[PDB]
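Enquirer: Sharing a structure with you now.
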Amino acid sequence: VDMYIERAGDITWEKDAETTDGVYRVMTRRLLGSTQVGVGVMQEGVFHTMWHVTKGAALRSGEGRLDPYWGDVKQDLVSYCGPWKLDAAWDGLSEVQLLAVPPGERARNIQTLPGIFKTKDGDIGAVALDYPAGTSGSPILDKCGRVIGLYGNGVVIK
Amino acid sequence: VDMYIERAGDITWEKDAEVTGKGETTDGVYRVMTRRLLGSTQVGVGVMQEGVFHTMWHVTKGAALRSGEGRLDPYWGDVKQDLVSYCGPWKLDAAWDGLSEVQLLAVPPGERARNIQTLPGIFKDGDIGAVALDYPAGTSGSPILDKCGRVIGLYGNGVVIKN
């Protein structure tokens, strides 16, 4: 019962909607087959995903193995091979694109204006879209194609 | 790490279902939920029986659960077998005869409980049976029942053969 990752596609802004950079599916092997538990972003030799998806478990890309470097359960984030590199943020005004990677389906971008929330430590943005269980961790992009958040977690405001 | 559990239904053998070609510790099937910043998410499923909650080790990773106002502490756990018990020893002692059909009382995320008859395949320490069915991530730990309604295995893990 060891987790692994397969590449799902490139991280680009669709203008009209190893450790290679891109979006990957976080898969887990049961007895008779596999199941997608989440999604993650590989960037600058560091894999990023949500903590609940992997629960700090070691991943596997090809013959090699990726060990977890940092993790925060409160924020529900985890990083592999290095520190958290997704430093981009949402301006809290313009539309964003959810590069959703649902289980057993191709990657697809979707423009949408995320809502606003009244959480404790300031306000946070969120994508009001519905997707299957293992879609968590899918990247949320800005006009520049930079990852400003992960589906499931809120999109940090500037 | 604030996991909790909500009841999903009773553990019964639906006599004519689909066929394939503490605060509260009431017996039944429960969803193992984790509460994030913007909502919750189902990470697995478990069986409450004889005042003991049973689930898969990978689902909770030995973490403490919460049922109502009360809290459930883990009593036993084996990562190799991928099993964990809360409040007491493992009580699911039933086994599959390795011949008759069984029912997977699946509890998928954001969906009602549903039974499914199916004849599990066989494998070769000893031999083990397995349910060749596909379900979303958080469905792991769903109980596998026999004609009598006794839990003979958990979805994800194999169904132990009469040994």
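Identifiers in this document derive from the order of the structure tokens: chains are assigned A, B, ..., residues are numbered from 1 separately in each chain, and ligands are numbered from 1 in order of occurrence.
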Show me, as CSV, the residues of chain B having an atom within 12 Å of chain A, each with the closest atom pair and its distance in Å, using only C-alpha atoms.
Expert:
residue,atom,partner,partner_atom,distance
B:1,CA,A:73,CA,6.5
B:2,CA,A:74,CA,9.4
B:3,CA,A:52,CA,10.6
B:33,CA,A:52,CA,10.4
B:34,CA,A:52,CA,7.9
B:35,CA,A:52,CA,9.7
B:36,CA,A:76,CA,6.9
B:37,CA,A:153,CA,7.0
B:38,CA,A:153,CA,6.8
B:39,CA,A:152,CA,8.4
B:40,CA,A:152,CA,9.2
B:41,CA,A:133,CA,8.0
B:42,CA,A:133,CA,8.1
B:43,CA,A:52,CA,7.9
B:44,CA,A:37,CA,11.0
B:56,CA,A:1,CA,11.6
B:57,CA,A:1,CA,10.9
B:58,CA,A:55,CA,8.4
B:59,CA,A:55,CA,8.8
B:60,CA,A:55,CA,8.8
B:61,CA,A:55,CA,7.8
B:62,CA,A:55,CA,11.2
B:63,CA,A:55,CA,10.8
B:79,CA,A:1,CA,9.7
B:80,CA,A:1,CA,8.9
B:81,CA,A:1,CA,9.8
B:82,CA,A:1,CA,8.5
B:108,CA,A:133,CA,9.1
B:109,CA,A:133,CA,6.8
B:110,CA,A:133,CA,8.9
B:111,CA,A:132,CA,11.1
B:120,CA,A:32,CA,10.6
B:121,CA,A:32,CA,9.6
B:122,CA,A:32,CA,10.9
B:123,CA,A:31,CA,10.1
B:128,CA,A:31,CA,10.3
B:129,CA,A:31,CA,9.8
B:130,CA,A:31,CA,7.2
B:131,CA,A:32,CA,7.6
B:132,CA,A:32,CA,6.1
B:133,CA,A:32,CA,8.1
B:134,CA,A:35,CA,8.0
B:135,CA,A:35,CA,7.7
B:136,CA,A:133,CA,6.2
B:137,CA,A:37,CA,5.1
B:138,CA,A:133,CA,7.1
B:139,CA,A:133,CA,9.6
B:140,CA,A:30,CA,9.1
B:141,CA,A:30,CA,11.4
B:154,CA,A:31,CA,11.4
B:155,CA,A:30,CA,9.0
B:156,CA,A:30,CA,5.4
B:157,CA,A:31,CA,6.6
B:158,CA,A:31,CA,6.9
B:159,CA,A:31,CA,10.5
Enquirer: Would you mind exporting C-alpha atoms of the selected residues as an mmCIF file, in the first residue's frame?
Expert:
data_model
loop_
_atom_site.group_PDB
_atom_site.id
_atom_site.type_symbol
_atom_site.label_atom_id
_atom_site.label_comp_id
_atom_site.auth_asym_id
_atom_site.auth_seq_id
_atom_site.Cartn_x
_atom_site.Cartn_y
_atom_site.Cartn_z
ATOM 1 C CA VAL B 1 -5.562 17.081 13.522
ATOM 2 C CA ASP B 2 -9.294 17.338 14.364
ATOM 3 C CA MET B 3 -10.903 14.196 12.894
ATOM 4 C CA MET B 33 -14.256 12.944 8.375
ATOM 5 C CA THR B 34 -11.489 15.572 8.638
ATOM 6 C CA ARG B 35 -12.383 19.262 9.059
ATOM 7 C CA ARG B 36 -10.270 21.721 7.043
ATOM 8 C CA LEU B 37 -10.564 25.526 6.892
ATOM 9 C CA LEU B 38 -13.408 25.683 4.290
ATOM 10 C CA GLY B 39 -15.556 22.606 5.021
ATOM 11 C CA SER B 40 -14.924 18.919 5.695
ATOM 12 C CA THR B 41 -13.816 15.883 3.682
ATOM 13 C CA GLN B 42 -14.394 12.139 4.067
ATOM 14 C CA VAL B 43 -11.076 10.255 4.370
ATOM 15 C CA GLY B 44 -12.535 6.800 5.076
ATOM 16 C CA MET B 56 -8.078 1.207 8.223
ATOM 17 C CA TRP B 57 -4.739 2.476 9.541
ATOM 18 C CA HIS B 58 -3.979 4.693 6.518
ATOM 19 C CA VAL B 59 -7.291 6.556 7.002
ATOM 20 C CA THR B 60 -6.543 7.886 10.497
ATOM 21 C CA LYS B 61 -2.789 7.158 10.868
ATOM 22 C CA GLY B 62 -3.397 6.351 14.553
ATOM 23 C CA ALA B 63 -4.992 9.765 15.166
ATOM 24 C CA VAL B 79 0.285 -0.758 9.703
ATOM 25 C CA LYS B 80 1.323 -3.963 7.891
ATOM 26 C CA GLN B 81 -2.280 -5.268 7.927
ATOM 27 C CA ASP B 82 -3.532 -1.663 7.575
ATOM 28 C CA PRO B 108 -18.983 6.952 -0.717
ATOM 29 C CA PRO B 109 -18.268 10.638 -0.011
ATOM 30 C CA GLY B 110 -21.383 12.837 -0.315
ATOM 31 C CA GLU B 111 -23.613 9.843 -1.127
ATOM 32 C CA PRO B 120 -15.023 -11.783 -4.614
ATOM 33 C CA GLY B 121 -12.016 -13.190 -6.484
ATOM 34 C CA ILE B 122 -9.324 -15.365 -4.872
ATOM 35 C CA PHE B 123 -5.561 -14.817 -4.299
ATOM 36 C CA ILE B 128 -7.301 -14.029 0.545
ATOM 37 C CA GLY B 129 -10.510 -12.878 -1.192
ATOM 38 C CA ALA B 130 -10.946 -9.468 -2.853
ATOM 39 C CA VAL B 131 -13.858 -7.292 -4.007
ATOM 40 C CA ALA B 132 -13.202 -6.168 -7.595
ATOM 41 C CA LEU B 133 -15.166 -2.892 -7.303
ATOM 42 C CA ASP B 134 -14.128 0.738 -7.883
ATOM 43 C CA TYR B 135 -15.014 3.612 -5.495
ATOM 44 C CA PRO B 136 -13.814 7.177 -4.669
ATOM 45 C CA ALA B 137 -10.880 7.843 -2.289
ATOM 46 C CA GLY B 138 -12.758 8.205 1.034
ATOM 47 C CA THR B 139 -14.747 4.956 0.575
ATOM 48 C CA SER B 140 -11.939 2.851 2.136
ATOM 49 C CA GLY B 141 -12.922 0.987 5.301
ATOM 50 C CA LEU B 154 -13.173 -3.839 5.033
ATOM 51 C CA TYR B 155 -13.072 -2.289 1.540
ATOM 52 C CA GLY B 156 -9.428 -1.741 0.557
ATOM 53 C CA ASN B 157 -8.248 -4.748 2.547
ATOM 54 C CA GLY B 158 -9.000 -8.259 1.378
ATOM 55 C CA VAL B 159 -11.702 -10.527 2.786
#
Enquirer: Residues within 8 Å of residue 89 of chain B, please, as a list in words. Count only C-alpha atoms; anything in the same chain fewer than 2 positions from it doesn't count.
Expert: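 Listing them by chain and then by number gives residues 52, 75, 76, 85, 86, 87 and 91 of chain B.
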Enquirer: Could you save those same residues with N, CA, C and O atoms as a tab-separated table (two decimals), in the first residue's frame?
Expert:
chain	number	residue	atom	x	y	z
B	52	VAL	N	-16.55	-0.55	20.11
B	52	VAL	CA	-15.22	-0.44	19.52
B	52	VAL	C	-15.32	-0.02	18.05
B	52	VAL	O	-16.01	-0.67	17.26
B	75	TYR	N	-6.76	2.13	20.45
B	75	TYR	CA	-6.34	1.04	21.34
B	75	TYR	C	-5.31	0.09	20.72
B	75	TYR	O	-4.36	-0.31	21.38
B	76	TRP	N	-5.52	-0.27	19.45
B	76	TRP	CA	-4.63	-1.19	18.72
B	76	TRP	C	-4.48	-0.76	17.27
B	76	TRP	O	-5.40	-0.20	16.69
B	85	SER	N	-7.92	0.03	15.69
B	85	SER	CA	-9.12	-0.08	16.53
B	85	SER	C	-9.11	0.99	17.61
B	85	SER	O	-8.05	1.40	18.08
B	86	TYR	N	-10.31	1.43	18.00
B	86	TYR	CA	-10.49	2.47	19.02
B	86	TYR	C	-11.36	1.98	20.17
B	86	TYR	O	-12.37	1.32	19.95
B	87	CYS	N	-10.95	2.33	21.40
B	87	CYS	CA	-11.67	1.99	22.64
B	87	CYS	C	-11.52	0.54	23.12
B	87	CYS	O	-11.88	0.24	24.26
B	91	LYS	N	-12.62	-6.55	17.28
B	91	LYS	CA	-13.77	-7.42	17.52
B	91	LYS	C	-14.41	-8.05	16.28
B	91	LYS	O	-15.27	-8.92	16.41
Enquirer: Where in segment 2-153 of chain A does DSSP assign strand (DSSP E), given as JSON, numbers by chain?
Expert: {"A": [3, 4, 5, 6, 7, 8, 9, 22, 23, 24, 25, 26, 27, 28, 29, 30, 33, 34, 35, 36, 37, 38, 39, 40, 41, 42, 43, 46, 47, 48, 49, 59, 60, 61, 64, 65, 66, 68, 69, 70, 71, 72, 77, 78, 79, 80, 96, 97, 98, 111, 112, 115, 116, 117, 124, 125, 126, 139, 140, 141, 147, 148, 149, 150]}
Enquirer: Name the residues of segment 35-151 of chain A that come out as helix (DSSP H, G or I) in a backbone DSSP run; write them as a list in words.
Expert: residues 51, 52, 53, 54, 133, 134 and 135 of chain A
Enquirer: Restricted to N, CA and C atoms, what would the selected residues look like written as a PDB file, in the first residue's frame?
Expert:
ATOM      1  N   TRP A  51      -2.216  18.326   2.818  1.00  0.00           N
ATOM      2  CA  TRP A  51      -1.811  17.383   3.861  1.00  0.00           C
ATOM      3  C   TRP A  51      -2.747  16.191   4.002  1.00  0.00           C
ATOM      4  N   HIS A  52      -4.059  16.423   3.948  1.00  0.00           N
ATOM      5  CA  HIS A  52      -5.023  15.328   4.118  1.00  0.00           C
ATOM      6  C   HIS A  52      -4.945  14.267   3.015  1.00  0.00           C
ATOM      7  N   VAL A  53      -4.452  14.653   1.838  1.00  0.00           N
ATOM      8  CA  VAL A  53      -4.331  13.737   0.704  1.00  0.00           C
ATOM      9  C   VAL A  53      -3.288  12.652   0.953  1.00  0.00           C
ATOM     10  N   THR A  54      -2.105  13.063   1.402  1.00  0.00           N
ATOM     11  CA  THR A  54      -1.005  12.128   1.645  1.00  0.00           C
ATOM     12  C   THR A  54      -0.785  11.771   3.122  1.00  0.00           C
ATOM     13  N   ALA A 133     -14.253  13.391  -5.023  1.00  0.00           N
ATOM     14  CA  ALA A 133     -13.301  13.291  -3.903  1.00  0.00           C
ATOM     15  C   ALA A 133     -11.828  13.592  -4.225  1.00  0.00           C
ATOM     16  N   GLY A 134     -11.219  12.744  -5.053  1.00  0.00           N
ATOM     17  CA  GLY A 134      -9.802  12.876  -5.414  1.00  0.00           C
ATOM     18  C   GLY A 134      -9.345  14.064  -6.247  1.00  0.00           C
ATOM     19  N   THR A 135     -10.215  15.060  -6.428  1.00  0.00           N
ATOM     20  CA  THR A 135      -9.872  16.267  -7.199  1.00  0.00           C
ATOM     21  C   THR A 135      -9.134  17.310  -6.338  1.00  0.00           C
TER      22      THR A 135
END
Enquirer: Would you mind telling me which residue in A:48, A:85, A:7, A:15 lies nearest to residue 150 of chain A when using only C-alpha atoms?
Expert: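 Once distances to residue 150 of chain A are computed over only C-alpha atoms, the minimum belongs to A:48.
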Enquirer: Could you tell me how far atom CA of residue 50 of chain A sits from atom CA of residue 88 of chain A, in Å to one decimal place?
Expert: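 So the two atoms, atom CA of residue 88 of chain A and atom CA of residue 50 of chain A, lie 16.6 Å apart.
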Enquirer: Skip residue 95 of chain A itself and residues of its chain fewer than 2 positions away, then list as an MDAnalysis selection string all residues within 8 Å of it, counting only C-alpha atoms.
Expert: chainID A and resid 93 97 111:114 142:143
Enquirer: How would the residues just picked look written out with C-alpha atoms as a PDB file, in the first residue's frame?
Expert:
ATOM      1  CA  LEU A  93     -10.775  40.921  -7.939  1.00  0.00           C
ATOM      2  CA  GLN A  97      -8.818  29.253 -13.553  1.00  0.00           C
ATOM      3  CA  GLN A 111     -12.607  30.342 -15.435  1.00  0.00           C
ATOM      4  CA  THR A 112     -14.546  31.392 -12.348  1.00  0.00           C
ATOM      5  CA  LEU A 113     -14.713  34.275  -9.876  1.00  0.00           C
ATOM      6  CA  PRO A 114     -14.068  32.847  -6.387  1.00  0.00           C
ATOM      7  CA  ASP A 142      -4.157  33.559 -12.309  1.00  0.00           C
ATOM      8  CA  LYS A 143      -3.958  35.331 -15.720  1.00  0.00           C
TER       9      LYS A 143
END
Enquirer: Residues within 10 Å of residue 146 of chain B, please, as JSON, numbers by chain. Count only C-alpha atoms; anything in the same chain fewer than 4 positions from it doesn't count.
Expert: {"B": [12, 13, 94, 95, 96, 97, 100, 101, 102, 103, 104, 117, 150, 151, 152, 153]}
Enquirer: I'd like the contact shell of residue 27 of chain B - 7 Å cut-off, only C-alpha atoms, skipping same-chain residues fewer than 4 positions apart - returned as an MDAnalysis selection string.
Expert: chainID B and resid 48:50
